[PDB]
Amino acid sequence: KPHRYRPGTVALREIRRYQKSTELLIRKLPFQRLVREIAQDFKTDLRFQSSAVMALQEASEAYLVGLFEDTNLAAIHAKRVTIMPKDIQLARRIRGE
Amino acid sequence: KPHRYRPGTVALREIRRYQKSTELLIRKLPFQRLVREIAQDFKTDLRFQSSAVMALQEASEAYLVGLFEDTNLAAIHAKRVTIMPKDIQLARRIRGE
Amino acid sequence: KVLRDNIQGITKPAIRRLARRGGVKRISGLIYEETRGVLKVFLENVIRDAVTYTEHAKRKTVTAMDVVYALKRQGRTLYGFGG
Amino acid sequence: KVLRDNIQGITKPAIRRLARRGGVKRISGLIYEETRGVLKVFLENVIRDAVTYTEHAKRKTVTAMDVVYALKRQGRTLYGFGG
Amino acid sequence: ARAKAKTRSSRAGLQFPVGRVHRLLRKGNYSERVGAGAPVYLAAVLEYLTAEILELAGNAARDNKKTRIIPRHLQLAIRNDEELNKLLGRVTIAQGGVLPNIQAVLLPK
Amino acid sequence: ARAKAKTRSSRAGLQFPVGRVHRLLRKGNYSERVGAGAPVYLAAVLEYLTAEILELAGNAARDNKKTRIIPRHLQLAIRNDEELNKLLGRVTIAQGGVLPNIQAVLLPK
Amino acid sequence: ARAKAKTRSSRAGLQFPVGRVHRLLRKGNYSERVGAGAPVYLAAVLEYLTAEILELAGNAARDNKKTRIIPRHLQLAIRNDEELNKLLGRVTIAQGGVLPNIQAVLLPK
Amino acid sequence: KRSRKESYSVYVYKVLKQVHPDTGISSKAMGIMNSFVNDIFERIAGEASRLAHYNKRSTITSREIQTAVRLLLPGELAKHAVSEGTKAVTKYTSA
Amino acid sequence: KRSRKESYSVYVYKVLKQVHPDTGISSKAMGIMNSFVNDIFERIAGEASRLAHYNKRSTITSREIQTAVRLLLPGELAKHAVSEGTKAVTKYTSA
Amino acid sequence: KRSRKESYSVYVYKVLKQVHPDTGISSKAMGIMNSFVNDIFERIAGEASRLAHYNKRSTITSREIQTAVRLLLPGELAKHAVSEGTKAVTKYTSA
DNA sequence: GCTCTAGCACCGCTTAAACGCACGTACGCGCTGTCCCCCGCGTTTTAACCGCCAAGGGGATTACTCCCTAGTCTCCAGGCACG
């Protein structure tokens, strides 16, 4: 029998690894494609500094980890551990938008 | 038996009446004396006009009531109609204190 | 002159009426203590700021103008008192 | 030239890595498209501002300086590219 | 010997003050200099915003069958517009109370 | 016969400039006149904050047995400190990540 | 014809006297030469010591709500600190008494 | 002998009579309007000052406060304010 | 050569050489420190401007920044900051 | 006629008012601080003289007291004192 | 330094607020079943990353020259004080 870790153990190992980690968690070129796409929605043929793509990356992921920290608090509030769309809607409604 | 409503019906009447209401919810004199209590807690012989007491009043119901919309959104998130303190400090933590 | 414990002067039914404006149906008996505590915390912040404003102005009476300045600083801007 | 679908380019395991950075253990299957949506909406919120500075500057190229300015306007000030 | 004294707001055809807002910016220390169209534009923006909120205030007074505007009507007007709430979500109101907002599970049955 | 150009920061006994801070106060357009205590006081509070956070950064780096300061050490240093966290709640550090702050019930038993 | 007088304490930004300690090290007869940084170094050290202990004594005086420092406040201040206890284990304090120190077995029950 | 206090009294009253001639006004609502005008004026002024700082512009222009209107004022009221401001400066420079 | 992009470079290295002689500095951490000094200077300068307008003062001296430090920086850091700022202004008066 | 007896009067008063403006002094406490500063001074001075004998240097520099304060003063107290003296001597050499 | 005015201090009725007890009903939640749904791991694909090379759009700089804007003297007229 091949060895199999229990559900959640590899999840906690990912948690510990990625809290210890500091690197980017998004592939950079599809992110750049997406931000050029949404820039084209508002103004055509805009150009991006690669550092500007990195800044939008880090601000975006910081926003996401703040929202996910909020939804973890919402999930442990709801006697649960699986985060739900109602948790994300709650966190955004609390934060005032 | 005398006249008596089910629990919540008078509560709904209270909610409707004081969402309709525009007048002040808290007493004037103990609020002013509590302001004075905090004042001489910081610097003695501090005076207040009645308008300033009204201003701290308005700020108090604004802040507290806003915490109550945040709080009962938390409470309906937890599938409950009775609120508990953990809703209040979790809401204060999500607000970013 | 000096007072000790007027914080219960904001009575429990005042808090109930506040939560009725806040649309809370059921208010536990445990709730009123931390509402008084957070109200103490918020007023401690606001009156610290306001006292700092007035002591900057070399006065001895707090104006509502300094109160609405303190509400500008802390991010709870209030309308209607000459701000 | 024109791009239509790169919101799916932010892959689901990449969102999983982000949530592990957010400390999430268990993620529902309906979460990922919603995270795409809220990151999307946040990108309009940021980039309309950033494009607005860019068109104020009479420029065509997005710079990180305006990204910092847009993020600090919303009170989400970003260290690491200002100055 | 002199030109007739003419208000700049009526030159722009607005009621809101070109002069008072211009002087208040110049003494408000936001730059050293101000363009000529800047306080005209700002007065136009403020007059538009006040016109919208006073139109909704008159609508609220007519709904309450009252003639004079109350800050309750003003809070009712602001909270019933989504984009003004996006403008004034963190602003607290004097004697406005709360908008009528009862939640789905808060209502009975 | 002019006196030797001696620095105002050393007159403060400090390192953050009275000159640059006074210049960015004057050209930041915050008041018409600026008192002489203003830039020395504000440079002093920045030097206090800087010394405190690089103290915590150095201790964080030596805790991780590393020599050169990294924004991971900086972000760790900021959210060990309660009053720094209350100062910088809404600020995001580049490449800092998140300090390990793991809630207890999601940890295994 | 002469430079204006500046004390070395003002040059170092200290308010313990650099010259007094320099004299008292010359006439304390500890070496025939003394480096110039030595007395200002020592005065800064005593400045840190006295500032530390006057923080402690003023805080203790506020804790017993008395306005003026007393040797009882000083003796609480020294004896409630560990490193000052090692620094002054063999030191007698006039009218300072003893720190409140009851052993666990001396308590009833 | 008391001192004059600067307000927006008859100006808001005039635009009130333009939008609703038959209605009245209270003093508490007037405090609300005065603080509202002050707060929105301050928000626009602050964002205009920051925008002039960012693009090294030492003057406040109508273009950059129009930019500020796109920034602070959201959505459809933003383009209404753009229409109002451009119309206003049009009949202002034609005056 | 290019135009000088002004920063807080040598100051952060010398304050580190005061507080920790042996540790080194990365460029990312240095950018973080630059943006930190920018943010804190901007906050304190803006609140000083606010107190200037609020007390109808055209003058900003150390007293208004002492007011602002008591406002913004909480508690322990506030009184610490007031202490070394007072020492700094006293050595400024003693030159 | 009286002969003046030297003490550490104004220095302890000034440093107390720099750390606590609203806290007063009693004279017996003032004698305790006089004896404290004299005691610690003679401890450091005797240790410095012994070091000068010990390394056969005819001088006591800042480095001798730097050595002596990790000798007598403990740890964090000593390292804070070393930092205070280091910034003090850099200000002294700059003046 | 003056002054004058609303806050501070003190005074006297009035039931509304508070409060407290008691009946009553609803409230939260644990057990446990039950159903279900997403993580772990293996395998396969595929473009991300790397790394390598051409090209040109515009960011940024320098200069020019002119648009504009605060300031000031002065004058008058509508908003504020006052009723």
# chains A, B, ... in the order shown; residues from 1 in each chain; ligands from 1
>>> closest_atom_pairs(of="chain F", to="chain I", cutoff="8 Å", atoms="only C-alpha atoms", output="JSON lines")
{"residue": "F:8", "atom": "CA", "partner": "I:92", "partner_atom": "CA", "distance": 8.0}
{"residue": "F:11", "atom": "CA", "partner": "I:95", "partner_atom": "CA", "distance": 5.2}
{"residue": "F:12", "atom": "CA", "partner": "I:88", "partner_atom": "CA", "distance": 5.0}
{"residue": "F:13", "atom": "CA", "partner": "I:88", "partner_atom": "CA", "distance": 7.0}
{"residue": "F:14", "atom": "CA", "partner": "I:88", "partner_atom": "CA", "distance": 7.7}
{"residue": "F:15", "atom": "CA", "partner": "I:11", "partner_atom": "CA", "distance": 6.3}
{"residue": "F:16", "atom": "CA", "partner": "I:11", "partner_atom": "CA", "distance": 6.2}
{"residue": "F:25", "atom": "CA", "partner": "I:45", "partner_atom": "CA", "distance": 6.9}
{"residue": "F:30", "atom": "CA", "partner": "I:49", "partner_atom": "CA", "distance": 4.7}
{"residue": "F:31", "atom": "CA", "partner": "I:58", "partner_atom": "CA", "distance": 5.6}
{"residue": "F:32", "atom": "CA", "partner": "I:58", "partner_atom": "CA", "distance": 5.2}
{"residue": "F:33", "atom": "CA", "partner": "I:59", "partner_atom": "CA", "distance": 4.7}
{"residue": "F:34", "atom": "CA", "partner": "I:60", "partner_atom": "CA", "distance": 4.5}
{"residue": "F:35", "atom": "CA", "partner": "I:61", "partner_atom": "CA", "distance": 3.7}
{"residue": "F:36", "atom": "CA", "partner": "I:61", "partner_atom": "CA", "distance": 6.0}
{"residue": "F:37", "atom": "CA", "partner": "I:62", "partner_atom": "CA", "distance": 4.2}
{"residue": "F:38", "atom": "CA", "partner": "I:62", "partner_atom": "CA", "distance": 4.1}
{"residue": "F:39", "atom": "CA", "partner": "I:62", "partner_atom": "CA", "distance": 7.6}
{"residue": "F:40", "atom": "CA", "partner": "I:89", "partner_atom": "CA", "distance": 6.6}
{"residue": "F:41", "atom": "CA", "partner": "I:85", "partner_atom": "CA", "distance": 4.8}
{"residue": "F:42", "atom": "CA", "partner": "I:65", "partner_atom": "CA", "distance": 7.0}
{"residue": "F:44", "atom": "CA", "partner": "I:85", "partner_atom": "CA", "distance": 5.3}
{"residue": "F:45", "atom": "CA", "partner": "I:81", "partner_atom": "CA", "distance": 5.3}
{"residue": "F:46", "atom": "CA", "partner": "I:37", "partner_atom": "CA", "distance": 6.9}
{"residue": "F:47", "atom": "CA", "partner": "I:15", "partner_atom": "CA", "distance": 7.9}
{"residue": "F:48", "atom": "CA", "partner": "I:81", "partner_atom": "CA", "distance": 6.7}
{"residue": "F:50", "atom": "CA", "partner": "I:15", "partner_atom": "CA", "distance": 7.9}
{"residue": "F:51", "atom": "CA", "partner": "I:15", "partner_atom": "CA", "distance": 6.7}
{"residue": "F:54", "atom": "CA", "partner": "I:16", "partner_atom": "CA", "distance": 6.8}
{"residue": "F:55", "atom": "CA", "partner": "I:19", "partner_atom": "CA", "distance": 6.6}
{"residue": "F:58", "atom": "CA", "partner": "I:23", "partner_atom": "CA", "distance": 6.9}
{"residue": "F:67", "atom": "CA", "partner": "I:23", "partner_atom": "CA", "distance": 5.1}
{"residue": "F:68", "atom": "CA", "partner": "I:24", "partner_atom": "CA", "distance": 3.9}
{"residue": "F:69", "atom": "CA", "partner": "I:25", "partner_atom": "CA", "distance": 5.0}
{"residue": "F:70", "atom": "CA", "partner": "I:29", "partner_atom": "CA", "distance": 5.4}
{"residue": "F:71", "atom": "CA", "partner": "I:29", "partner_atom": "CA", "distance": 5.0}
{"residue": "F:74", "atom": "CA", "partner": "I:29", "partner_atom": "CA", "distance": 7.3}
{"residue": "F:83", "atom": "CA", "partner": "I:74", "partner_atom": "CA", "distance": 6.2}
{"residue": "F:86", "atom": "CA", "partner": "I:74", "partner_atom": "CA", "distance": 7.6}
{"residue": "F:87", "atom": "CA", "partner": "I:73", "partner_atom": "CA", "distance": 6.5}
{"residue": "F:93", "atom": "CA", "partner": "I:32", "partner_atom": "CA", "distance": 6.9}
{"residue": "F:94", "atom": "CA", "partner": "I:32", "partner_atom": "CA", "distance": 7.0}
>>> select_by_dssp(residues="chain D", states="helix (DSSP H, G or I)", output="ChimeraX atom specification")
/D:12-21,31-56,64-73
>>> write_last_selection(atoms="N, CA and C atoms", output="CSV table (one decimal), in the first residue's frame")
chain,number,residue,atom,x,y,z
D,12,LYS,N,-7.2,28.1,-10.0
D,12,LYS,CA,-7.8,27.7,-8.7
D,12,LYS,C,-6.7,27.2,-7.7
D,13,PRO,N,-5.7,26.4,-8.1
D,13,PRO,CA,-4.6,26.2,-7.1
D,13,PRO,C,-3.8,27.4,-6.7
D,14,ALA,N,-3.7,28.4,-7.5
D,14,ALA,CA,-3.1,29.7,-7.1
D,14,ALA,C,-4.0,30.4,-6.1
D,15,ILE,N,-5.3,30.3,-6.2
D,15,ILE,CA,-6.2,30.8,-5.2
D,15,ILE,C,-6.0,30.0,-3.9
D,16,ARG,N,-5.8,28.7,-4.1
D,16,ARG,CA,-5.5,27.8,-2.9
D,16,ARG,C,-4.3,28.2,-2.2
D,17,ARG,N,-3.2,28.5,-2.9
D,17,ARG,CA,-2.0,29.0,-2.3
D,17,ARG,C,-2.2,30.3,-1.6
D,18,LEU,N,-3.0,31.2,-2.2
D,18,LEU,CA,-3.4,32.5,-1.5
D,18,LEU,C,-4.2,32.2,-0.2
D,19,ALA,N,-5.1,31.3,-0.2
D,19,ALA,CA,-5.9,31.0,0.9
D,19,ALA,C,-5.1,30.3,2.0
D,20,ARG,N,-4.1,29.5,1.6
D,20,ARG,CA,-3.1,29.0,2.6
D,20,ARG,C,-2.3,30.1,3.2
D,21,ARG,N,-1.9,31.1,2.4
D,21,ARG,CA,-1.3,32.3,3.0
D,21,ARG,C,-2.4,33.0,3.9
D,31,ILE,N,-16.2,28.8,-3.9
D,31,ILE,CA,-15.4,30.0,-3.4
D,31,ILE,C,-14.6,30.6,-4.6
D,32,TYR,N,-14.0,29.8,-5.5
D,32,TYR,CA,-13.0,30.2,-6.4
D,32,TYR,C,-13.5,31.2,-7.4
D,33,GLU,N,-14.7,31.0,-8.0
D,33,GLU,CA,-15.3,31.9,-8.9
D,33,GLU,C,-15.6,33.2,-8.2
D,34,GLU,N,-16.1,33.1,-6.9
D,34,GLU,CA,-16.4,34.3,-6.2
D,34,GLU,C,-15.1,35.1,-5.9
D,35,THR,N,-14.0,34.5,-5.6
D,35,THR,CA,-12.8,35.1,-5.4
D,35,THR,C,-12.3,35.8,-6.7
D,36,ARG,N,-12.5,35.1,-7.8
D,36,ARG,CA,-12.3,35.8,-9.1
D,36,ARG,C,-13.1,37.0,-9.3
D,37,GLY,N,-14.4,36.9,-8.9
D,37,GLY,CA,-15.3,38.1,-9.0
D,37,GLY,C,-14.9,39.2,-8.1
D,38,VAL,N,-14.5,38.9,-6.8
D,38,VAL,CA,-14.2,40.0,-5.9
D,38,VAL,C,-12.8,40.6,-6.2
D,39,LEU,N,-11.9,39.8,-6.7
D,39,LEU,CA,-10.6,40.4,-7.1
D,39,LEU,C,-10.8,41.2,-8.4
D,40,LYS,N,-11.8,40.7,-9.3
D,40,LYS,CA,-12.1,41.4,-10.5
D,40,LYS,C,-12.7,42.8,-10.1
D,41,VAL,N,-13.7,42.9,-9.2
D,41,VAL,CA,-14.3,44.1,-8.8
D,41,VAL,C,-13.3,45.0,-8.1
D,42,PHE,N,-12.4,44.5,-7.3
D,42,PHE,CA,-11.3,45.2,-6.7
D,42,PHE,C,-10.4,45.8,-7.8
D,43,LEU,N,-10.2,45.1,-8.9
D,43,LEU,CA,-9.4,45.6,-9.9
D,43,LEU,C,-10.1,46.7,-10.7
D,44,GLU,N,-11.4,46.7,-10.9
D,44,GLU,CA,-12.0,47.9,-11.4
D,44,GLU,C,-11.8,49.1,-10.4
D,45,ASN,N,-12.0,48.8,-9.1
D,45,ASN,CA,-11.9,49.8,-8.1
D,45,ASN,C,-10.5,50.5,-8.1
D,46,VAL,N,-9.5,49.7,-8.3
D,46,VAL,CA,-8.1,50.2,-8.3
D,46,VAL,C,-7.8,50.9,-9.6
D,47,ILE,N,-8.1,50.2,-10.7
D,47,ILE,CA,-7.6,50.6,-12.0
D,47,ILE,C,-8.3,51.7,-12.6
D,48,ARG,N,-9.6,51.9,-12.3
D,48,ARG,CA,-10.2,53.2,-12.8
D,48,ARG,C,-9.5,54.4,-12.2
D,49,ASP,N,-9.2,54.3,-10.9
D,49,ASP,CA,-8.4,55.3,-10.2
D,49,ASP,C,-7.0,55.5,-10.9
D,50,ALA,N,-6.4,54.3,-11.1
D,50,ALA,CA,-5.0,54.4,-11.7
D,50,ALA,C,-5.0,54.9,-13.1
D,51,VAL,N,-5.9,54.5,-13.9
D,51,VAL,CA,-6.1,55.1,-15.3
D,51,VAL,C,-6.5,56.5,-15.2
D,52,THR,N,-7.2,56.9,-14.1
D,52,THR,CA,-7.6,58.3,-14.0
D,52,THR,C,-6.4,59.2,-13.7
D,53,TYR,N,-5.4,58.7,-12.8
D,53,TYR,CA,-4.2,59.4,-12.7
D,53,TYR,C,-3.4,59.4,-14.0
D,54,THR,N,-3.4,58.3,-14.7
D,54,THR,CA,-2.6,58.2,-15.9
D,54,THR,C,-3.1,59.1,-17.0
D,55,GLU,N,-4.4,59.3,-17.1
D,55,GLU,CA,-4.9,60.2,-18.1
D,55,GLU,C,-4.8,61.6,-17.6
D,56,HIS,N,-4.7,61.8,-16.3
D,56,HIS,CA,-4.4,63.2,-15.8
D,56,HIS,C,-2.9,63.5,-16.2
D,64,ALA,N,4.0,52.3,-11.5
D,64,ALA,CA,3.7,51.8,-10.2
D,64,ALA,C,3.5,52.9,-9.2
D,65,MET,N,4.0,54.1,-9.5
D,65,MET,CA,3.9,55.2,-8.6
D,65,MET,C,2.4,55.6,-8.5
D,66,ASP,N,1.7,55.6,-9.6
D,66,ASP,CA,0.2,55.8,-9.6
D,66,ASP,C,-0.5,54.6,-9.0
D,67,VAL,N,0.0,53.4,-9.0
D,67,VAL,CA,-0.6,52.3,-8.3
D,67,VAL,C,-0.5,52.5,-6.8
D,68,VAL,N,0.6,53.0,-6.3
D,68,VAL,CA,0.8,53.3,-4.9
D,68,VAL,C,-0.2,54.4,-4.5
D,69,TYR,N,-0.3,55.4,-5.4
D,69,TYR,CA,-1.2,56.5,-5.1
D,69,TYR,C,-2.7,56.1,-5.0
D,70,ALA,N,-3.1,55.2,-6.0
D,70,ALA,CA,-4.4,54.7,-6.0
D,70,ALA,C,-4.7,53.8,-4.8
D,71,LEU,N,-3.7,53.0,-4.4
D,71,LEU,CA,-4.0,52.1,-3.2
D,71,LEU,C,-4.0,52.9,-1.9
D,72,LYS,N,-3.2,54.0,-1.8
D,72,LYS,CA,-3.3,54.8,-0.6
D,72,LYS,C,-4.5,55.7,-0.6
D,73,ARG,N,-5.1,56.0,-1.7
D,73,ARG,CA,-6.4,56.7,-1.7
D,73,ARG,C,-7.5,55.9,-1.0
>>> atom_distance(atom1="CA of residue 100 (chain F)", atom2="CA of residue 76 (chain F)")
8.7 Å
>>> residues_around(residues="region 30-32 of chain B", least_positions_apart="5", cutoff="7 Å", atoms="only C-alpha atoms (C1' of nucleotides)", output="compact mmCIF listing (two decimals) with N, CA and C atoms, in the first residue's frame")
# COMPACT_ATOMS: atom_id res chain seq x y z
N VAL B 53 -22.15 68.28 24.63
CA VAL B 53 -22.74 67.07 25.20
C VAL B 53 -23.67 66.41 24.19
N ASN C 6 -20.14 56.38 37.37
CA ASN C 6 -21.36 56.86 36.72
C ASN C 6 -21.61 56.16 35.38
N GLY C 9 -24.84 55.07 34.45
CA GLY C 9 -25.81 56.09 34.11
C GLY C 9 -26.33 55.96 32.70
N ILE C 10 -25.52 55.43 31.79
CA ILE C 10 -26.04 54.91 30.54
C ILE C 10 -26.72 53.59 30.89
>>> residues_around(residues="residue 37 (chain K)", least_positions_apart="3", cutoff="12 Å", atoms="only C-alpha atoms (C1' of nucleotides)", output="list in words")
residues 82 of chain A; 26, 27, 28, 29 and 30 of chain D
>>> calpha_fit_rmsd(fixed="chain I", moving="chain H")
0.6 Å
>>> residues_around(residues="residue 95 (chain B)", least_positions_apart="4", cutoff="9 Å", atoms="only C-alpha atoms (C1' of nucleotides)", output="ChimeraX atom specification")
/A:94-96 /B:90-91
>>> write_last_selection(atoms="C-alpha atoms", output="PDB file, in the first residue's frame")
ATOM      1  CA  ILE A  94     -18.690  44.425   7.488  1.00  0.00           C
ATOM      2  CA  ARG A  95     -15.761  46.196   5.848  1.00  0.00           C
ATOM      3  CA  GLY A  96     -18.142  48.774   4.390  1.00  0.00           C
TER       4      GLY A  96
ATOM      5  CA  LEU B  90     -15.270  39.882  16.190  1.00  0.00           C
ATOM      6  CA  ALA B  91     -17.086  42.709  14.392  1.00  0.00           C
TER       7      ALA B  91
END
>>> residues_around(residues="region 17-24 of chain A", least_positions_apart="2", cutoff="10 Å", atoms="only C-alpha atoms (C1' of nucleotides)", output="number ranges by chain")
A: 11-15, 26-28, 54, 57-58, 61; D: 14, 17-23; F: 71-72, 94-102
>>> write_last_selection(atoms="N, CA and C atoms", output="short mmCIF file (atom, residue, chain, number, x, y, z; two decimals), in the first residue's frame")
data_model
loop_
_atom_site.label_atom_id
_atom_site.label_comp_id
_atom_site.auth_asym_id
_atom_site.auth_seq_id
_atom_site.Cartn_x
_atom_site.Cartn_y
_atom_site.Cartn_z
N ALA A 11 -2.96 19.91 4.18
CA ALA A 11 -3.47 21.28 4.23
C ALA A 11 -2.72 22.11 5.27
N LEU A 12 -2.52 21.56 6.47
CA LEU A 12 -1.75 22.27 7.50
C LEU A 12 -0.29 22.43 7.09
N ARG A 13 0.27 21.45 6.38
CA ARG A 13 1.64 21.60 5.90
C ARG A 13 1.74 22.71 4.86
N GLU A 14 0.73 22.83 4.00
CA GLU A 14 0.66 23.95 3.06
C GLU A 14 0.52 25.27 3.80
N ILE A 15 -0.29 25.30 4.86
CA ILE A 15 -0.45 26.50 5.67
C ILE A 15 0.88 26.93 6.27
N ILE A 26 0.82 33.71 -7.48
CA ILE A 26 0.11 33.78 -8.75
C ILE A 26 1.16 33.71 -9.86
N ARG A 27 0.86 32.95 -10.92
CA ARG A 27 1.68 33.03 -12.12
C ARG A 27 1.60 34.43 -12.71
N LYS A 28 2.78 35.00 -12.98
CA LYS A 28 2.90 36.44 -13.18
C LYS A 28 2.39 36.88 -14.54
N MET A 54 3.86 44.08 -10.84
CA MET A 54 4.21 43.49 -9.55
C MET A 54 3.53 44.22 -8.40
N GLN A 57 0.03 43.22 -8.37
CA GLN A 57 0.05 41.87 -7.82
C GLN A 57 0.10 41.87 -6.31
N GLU A 58 1.04 42.60 -5.73
CA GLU A 58 1.21 42.49 -4.29
C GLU A 58 0.06 43.16 -3.55
N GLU A 61 -2.91 40.63 -3.83
CA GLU A 61 -2.81 39.48 -2.95
C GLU A 61 -2.91 39.88 -1.49
N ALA D 14 -3.74 28.40 -7.55
CA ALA D 14 -3.12 29.66 -7.13
C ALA D 14 -3.95 30.36 -6.07
N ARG D 17 -3.22 28.53 -2.93
CA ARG D 17 -1.99 29.04 -2.33
C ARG D 17 -2.23 30.35 -1.59
N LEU D 18 -3.04 31.24 -2.18
CA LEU D 18 -3.40 32.49 -1.51
C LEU D 18 -4.16 32.23 -0.22
N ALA D 19 -5.10 31.28 -0.24
CA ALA D 19 -5.88 30.98 0.95
C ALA D 19 -5.05 30.29 2.02
N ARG D 20 -4.05 29.51 1.60
CA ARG D 20 -3.10 28.96 2.56
C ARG D 20 -2.28 30.08 3.19
N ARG D 21 -1.93 31.10 2.39
CA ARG D 21 -1.35 32.31 2.97
C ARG D 21 -2.35 33.03 3.85
N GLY D 22 -3.64 32.94 3.53
CA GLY D 22 -4.66 33.44 4.42
C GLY D 22 -5.02 32.50 5.55
N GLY D 23 -4.37 31.34 5.62
CA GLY D 23 -4.62 30.42 6.70
C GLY D 23 -5.86 29.58 6.56
N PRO F 71 12.34 42.16 4.11
CA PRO F 71 10.97 42.54 4.46
C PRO F 71 10.15 41.47 5.17
N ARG F 72 10.53 40.20 5.09
CA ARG F 72 9.95 39.21 5.99
C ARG F 72 10.23 39.56 7.44
N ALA F 94 5.53 45.23 1.23
CA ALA F 94 5.93 44.50 0.04
C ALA F 94 6.80 43.30 0.42
N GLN F 95 6.46 42.14 -0.14
CA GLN F 95 7.19 40.88 0.02
C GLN F 95 7.32 40.45 1.48
N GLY F 96 6.46 40.94 2.36
CA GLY F 96 6.56 40.64 3.77
C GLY F 96 5.83 39.38 4.16
N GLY F 97 4.80 39.02 3.38
CA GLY F 97 4.00 37.89 3.76
C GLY F 97 3.17 38.19 4.99
N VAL F 98 2.78 37.13 5.68
CA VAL F 98 2.00 37.23 6.90
C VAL F 98 2.75 36.49 8.00
N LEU F 99 2.84 37.11 9.17
CA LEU F 99 3.38 36.43 10.33
C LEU F 99 2.48 35.24 10.68
N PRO F 100 3.05 34.13 11.16
CA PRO F 100 2.21 32.99 11.54
C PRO F 100 1.27 33.32 12.68
N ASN F 101 -0.01 33.42 12.34
CA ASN F 101 -1.07 33.74 13.30
C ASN F 101 -2.17 32.73 13.01
N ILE F 102 -2.08 31.57 13.64
CA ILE F 102 -2.92 30.44 13.31
C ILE F 102 -3.96 30.27 14.40
#
>>> atom_distance(atom1="CA of residue 43 (chain F)", atom2="CA of residue 18 (chain F)")
6.8 Å
>>> closest_residue(among="C:77, C:62, C:57, C:3", to="chain I", atoms="only C-alpha atoms")
C:57
>>> interface_residues(of="chain B", to="chain K", cutoff="10 Å", atoms="only C-alpha atoms (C1' of nucleotides)", output="PyMOL selection string")
chain B and resi 6-8+27+47-50+79-82
>>> select_by_dssp(residues="chain F", states="strand (DSSP E)", output="list in words")
residues 33, 34, 68 and 69 of chain F
>>> atom_distance(atom1="CA of residue 74 (chain C)", atom2="CA of residue 36 (chain B)")
21.1 Å
>>> interface_residues(of="chain C", to="chain H", cutoff="7 Å", atoms="only C-alpha atoms", output="PyMOL selection string")
chain C and resi 79-83
>>> interface_residues(of="chain K", to="chain H", cutoff="10 Å", atoms="only C-alpha atoms (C1' of nucleotides)", output="count of residues only")
4
>>> residues_around(residues="residue 75 (chain B)", least_positions_apart="5", cutoff="10 Å", atoms="only C-alpha atoms (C1' of nucleotides)", output="list in words")
residues 77 and 78 of chain A; 68, 69, 70, 80, 81, 82, 83, 84, 86, 87 and 88 of chain B; 24 of chain C
>>> decode(residues="region 5-12 of chain A", atoms="N, CA and C atoms", output="CSV table (one decimal), in the first residue's frame")
chain,number,residue,atom,x,y,z
A,5,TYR,N,-1.4,10.5,3.3
A,5,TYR,CA,-1.6,11.4,4.5
A,5,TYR,C,-3.1,11.7,4.6
A,6,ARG,N,-3.5,11.9,5.8
A,6,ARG,CA,-4.9,12.1,6.1
A,6,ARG,C,-5.4,13.5,5.6
A,7,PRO,N,-6.6,13.7,5.3
A,7,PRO,CA,-7.1,15.0,4.8
A,7,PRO,C,-7.0,16.0,5.9
A,8,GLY,N,-6.4,17.1,5.5
A,8,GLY,CA,-6.1,18.2,6.4
A,8,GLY,C,-4.6,18.3,6.9
A,9,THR,N,-3.9,17.2,7.0
A,9,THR,CA,-2.5,17.2,7.3
A,9,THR,C,-1.7,17.9,6.3
A,10,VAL,N,-1.9,17.6,5.0
A,10,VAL,CA,-1.2,18.2,3.9
A,10,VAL,C,-1.7,19.7,3.8
A,11,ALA,N,-3.0,19.9,4.2
A,11,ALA,CA,-3.5,21.3,4.2
A,11,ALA,C,-2.7,22.1,5.3
A,12,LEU,N,-2.5,21.6,6.5
A,12,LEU,CA,-1.7,22.3,7.5
A,12,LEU,C,-0.3,22.4,7.1
